[PDB]
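Subsequent text provides C-alpha cells for two forms of one protein chain, presented individually as structure 1 and structure 2.
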Structure 1
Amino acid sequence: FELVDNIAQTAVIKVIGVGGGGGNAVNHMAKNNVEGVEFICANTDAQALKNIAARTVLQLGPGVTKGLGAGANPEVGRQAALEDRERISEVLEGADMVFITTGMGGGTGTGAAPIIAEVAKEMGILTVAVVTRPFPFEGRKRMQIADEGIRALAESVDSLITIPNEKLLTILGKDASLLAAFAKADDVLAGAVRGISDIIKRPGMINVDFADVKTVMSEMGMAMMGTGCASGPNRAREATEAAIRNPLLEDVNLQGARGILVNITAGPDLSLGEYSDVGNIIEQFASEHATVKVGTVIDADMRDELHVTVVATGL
C-alpha cells in the first residue's frame, strides 16, 4: 500500500522498434499518446531511418549491409546486430526498462531483436518484447521465420508478448484491408507498450510501481494481452468483460498465467468503487496462486470512457 519502490514513476523507459514494421509502429507511438518513454528506431536499412519521429535512431550492420538492410533475411539481421553490439549498449545505458518491439517474419527485426534483448537483459534492464506474427496472407514462408525468431527471442527476454496478427483480422472483419490491418497492428503494439508504461509513468489514485511490475513481469517469459473499453454507469464491469473477451486473448487459459497485470485508464473520476469491480472480475479468472497486480492510470484528455487492459504473464 503506502510504501513505494526504489525507482517508481522515475523509471527511465526506452522503447525501440527494430526493422521496418517496428519502426512504423514506434514512429506511430511517438506521434501519439505515448509519453514518459524515449523512442528509438533501429534498422539495417539506412534509408528507412531518414526523417522519422523518434529522435534516436540506430543503423545496424553498416558493414554487413551498407545501409541496404537484411533482405528479409533474418541471418543478415542477426549479423548486422552482432556487428553493432557496442552501439546497441551505448543506446541502452541508463534504462530501467526496455521495450523491444518489432514485426516478426522479416529480416532486420526477426534476426536482430533477439540480440538486442540479449544485450539489455545482460545490462540488467527489465526486458520486455512486444512482437507480432505475420498475417495469414503473408505466406508460410514468413510465418515460418516468425516462430523461429520468437523461439530465440523468448530465450533472452524477461517477458515476450506475442500478437497473432490473425486476430486483428478477426476484429477488423468488414473493414479489413492492408492499410487498416497494419495500421491496427501499429495501434495494438502501441497499446501493449502504452499499456504497461502508463501504469508506471502516469499513475492514477491507486497505483502499481516498478517493483510491482518487475515482479509479475521479470523472467516470466511468454505473455499475451487483451483490451476492453466501456463507458456509462458500468464502464467498469463492461470494459473488463470486453478485455478478456478480446480475440487477442481468445485461446489463452488465464488460469494458467503465473502472473496477471491489469491497467485501468480513466478520467479523474475513476472511483475506488470501479477499481474493486475490475479486480474482482479478474481474481476469478486467475489461478488463486497467480500473482495479480492491478493498477490505475490517469488521463485527462479522455472522458467517461474507461479502458481496461489485461496482460497474462508466465504463460
Structure 2
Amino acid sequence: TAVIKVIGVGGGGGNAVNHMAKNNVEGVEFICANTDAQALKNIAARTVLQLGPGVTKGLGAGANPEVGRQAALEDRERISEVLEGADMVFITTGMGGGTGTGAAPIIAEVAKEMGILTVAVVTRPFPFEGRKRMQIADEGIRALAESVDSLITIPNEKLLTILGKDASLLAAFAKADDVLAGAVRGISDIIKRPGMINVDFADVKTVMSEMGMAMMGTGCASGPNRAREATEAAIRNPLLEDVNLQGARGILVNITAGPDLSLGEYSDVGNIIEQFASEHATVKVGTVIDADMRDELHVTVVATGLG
C-alpha cells in the first residue's frame, strides 16, 4: 500500500514523467514541477507544481541553474505539500539545464527533511550538448547526492551506444524517457505488484536507503535460455559498463515475466547475480508476474552504493 510519487523536474524531467504516465508505470502518482508555465499545460501528469511564480513569472528559467534553485527555494512549502504522504519519492530530471539542475536538489532536501525515502533518477547531458551543460550537470549532481538516498545516474552518452544507427535527435531523448521509465517501473513494481513474498518494502528500503550513487542495466530475452540471456544482457548493458558490480553495496533485481516463468529460471537469475555481487552486499531479487505476458523475460538490475 506504499504511497509512491514521481516528480519530473524541468523540461526533460516533465517529458519523462509524461512518458511514464502514458506507458506502463502503475501504482504511482505523477507530478511535473517546472518554472515554465506553458510546459505544464495539457499534460498527462495529474499534478503540476509551477515553481517560483515570483522569481520567474512563469517564463521558465533560461538554462540558468541559479534561477531554478531560487524558484525552488521560493516554493519549499508547496513542495512539501505535493510530497505530503509519500512513503517514497522518485525525483527525475535532465541535469544540465536550469530548472532541473537547480530545483531537484532543493526538492530532495525537502523530501529528506520529511523523512521520505528518495531516489533520484537523472540523466547526464549528451556530449553534443556542450561542455557548459556537462559542467552544470556535474555540479547539480554533486548537490543532489547530498540529500537523496540513492541517485541513479543515466549518462545519455551511453544511450547512443544502445541506439547505434537508429540514433537521431528525437530518438535519443525518446530513449532517455524510456530508460527513466524503466528505472521507476523496475523499482516501483517490486513494491507495488510483487509476485513473490520474499521482498517487501522494507527490503527495498534496505538496498536503497543512504546508499549514494547508483546505476542500472536492463535486458530481456525469449526462448530456452531467456533467464541467463536477459540477466547477462542487463549486466553488460552499456548503462552499467563503468560499474564494478562487485563493488556495489546494494543490488536490487527486478524479474518481470508472464505465468510461464519457471522455478529454474528464477534460480538461474539469482545464481548469476550472486556470482557478480560482493559477499558484503545487500542483494534483493524481486519478481513481478505480468499475467498477460508470455515468452519474454525481463531483468532489471539496480546497483546502489557504488564505490
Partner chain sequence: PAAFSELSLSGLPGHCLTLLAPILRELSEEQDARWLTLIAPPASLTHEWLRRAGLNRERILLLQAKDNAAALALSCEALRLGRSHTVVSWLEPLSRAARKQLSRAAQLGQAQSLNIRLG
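Numbers given to residues start at 1 and step along the sequence of structure 1. Think of the rigid core as the biggest set of C-alphas that the two forms share within 1.5 Å after superposition. Only residues modelled in both forms are compared.
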Same chain, two copies; the copy that is the form deposited with its partner chain bound is structure 2
Of 156, 215, 207, 79, which one's CA moves 2 Å or more between the two structures, core aligned? 207
Would residue 302 count as moving between the two structures, using a Cα shift of 2 angstroms or more after superposing the core as the test? yes
Superpose on the rigid core and then read off how far the CA of residue 269 has moved between the two structures, in Å. 2.2
Rigid core superposed: how many angstrom does the CA of residue 70 shift between the two structures? 1.2
Distance the CA of residue 292 travels between the two structures [rigid core superposed, Å]: 0.4
Regions shifting between the two structures, defined as 3+ consecutive residues whose CA atoms all move 2 Å or more relative to the core: 205 to 207, 300 to 302
